[PDB]
């Protein structure tokens, strides 16, 4: 009664081949199908031999769910999968792209653009490490991260998910990968997948390729650039990912010179697989195959043929699994898609599952639950937040006293602005909900809370969200901290041609700073029109989307640490200049990539 694939002491490739040789067409196509937990039931998982599940943004068992509730959900799905004839465990994926961010009480790290400002790849690794633990705390084995897009136009609604417009910074930050997955061994072959074990997670380098180079930063659009620019800008970090053993790669919605990435056999098979020698699995984006056609979904039969022939291994359906499975089955049965293509896709999927130890530990570890939101992880996020801040101005004239760092002791201070006490706003998109949200959406410390935690007990802290000029002038304030900026957004909702922050933002800064010396904290996913905020402010800090740990902000405002962050993107003078990147011809920045003022700790 020995079955070689169930034997944990055998080599991964022997286990993969042994299992593959036993599988029916239905079992094989099943591996290739990922479905939303929203459509999953025990019978659906068993009857369709489903290979993977995901939670999309905001797909949660319930609002407020505990780590254990997540574990019990995942384990209930796994129980169903393990009960099939072959008992192939599912892999569960989720967008843990700045911590385990769909989950209440999870540590929310700064978004990527802020992490780019740190120039600290070891920090990002340690964030990968903490994120894996917080993901495994919820029973989940697979994170759709890192986004290694090189955003070339900040009008893109996902620019905050890019570490930098400079491919070299992005390349340096692929250290997230061995943080999430573990360090590959001495003699590792570039392109092979790797995950250390049950305390780590499979990663996903996304979105292949040129997602950050789209015309006018239009999300999911066309990236018009020759092979040499594709390979010089958008590709390099994928090779770094191969060298670090990234387990999966997700394909972009975007097109390259008019060809849909989800149908690009030359790039997916010819380049990623045959040239970079990637041996993990390639996954679609969410209804990515549907979007091959215009309109989307209008020829699903073609979407399945084109994508699987292009070299995609797993399809994030994620809802219409019966139609996907029926169509791919028919294509195989009719000789349109050879068995060799199915066998390759399934080889890769199983290779990742076996390598990461999923057949040995298919179920959650309840002892890991307490990793969620752990104070050591918050301290890390707080460090990252502080390191991400870029000080853009610290004095209206070169002769003024520097405003920062501020003194912790003063009779009375003002904290103001729409973003001074709003956790959701300081977290941005991909936090609790897909699009993010407003207000106290999870566990954290707002800027106002951090000020109160930082200041001398004699210091009276006044909060006013949008005070008028008279209120400020009459307040007897020593100084003000005013926080304003962008509202949370994701993907196309963030595509923005004007890049001016919503009002009241500017008007609040003008009223505050017109009455008292002010430090303006700008919360944004990207450079936004900033000359008017600058002209009003004594000091101004670009804080990006710093996450749950607002004490990172006050750590630098009050001089516990000096400002060290440096712009990871060009700050434009005007949106009419865009696209404009470091190294262009017409390069006329307000602040060049690399700019950032410093302070010393007090």
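Numbering follows the first chain given and starts at 1.
**Q** Per the entry, where is the mean C-alpha temperature factor higher: 17 to 25 or 576 to 584?
**A** That would be 576 to 584.
**Q** Looking at the entry, does 391 to 399 or 378 to 386 show the higher mean C-alpha B-factor?
**A** According to the PDB entry, the answer is 391 to 399.
**Q** For the C-alpha B-factor as written in the entry, point me to the maximum among 207, 186, 111, 348.
**A** Across 207, 186, 111, 348, the entry lists the biggest C-alpha B-factor for 186.
**Q** Choose from 286, 142, 302, 160 the residue with the greatest Cα B-factor as stated in the PDB record.
**A** If I rank 286, 142, 302, 160 by C-alpha B-factor, first place goes to 302.
**Q** Considering only modelled residues of the same chain, in which third does the CA B-factor of residue 69 rank: lowest, middle or highest?
**A** As the PDB entry reports it, the C-alpha B-factor of residue 69 lands in the lowest third of its chain.
**Q** Is the Cα B-factor recorded for residue 130 in the lowest, middle or highest third of its chain?
**A** According to the entry, residue 130 has a C-alpha B-factor in the chain's lowest third.
**Q** Based on the deposited C-alpha B factors for this chain, I'd like to know if residue 357 is in the lowest, middle or highest third.
**A** Within its chain, residue 357 is a lowest-third residue by C-alpha B-factor, going by the deposited values.
**Q** Check where residue 149 lands among this chain's C-alpha B-factors and tell me if it's the lowest, middle or highest third.
**A** Ranked within chain, residue 149 CA B lands in the middle tercile.
**Q** For the chain shown, is the CA B-factor of residue 538 in the lowest, middle or highest third of its modelled residues?
**A** Answer is middle: the recorded C-alpha B-factor places it there.
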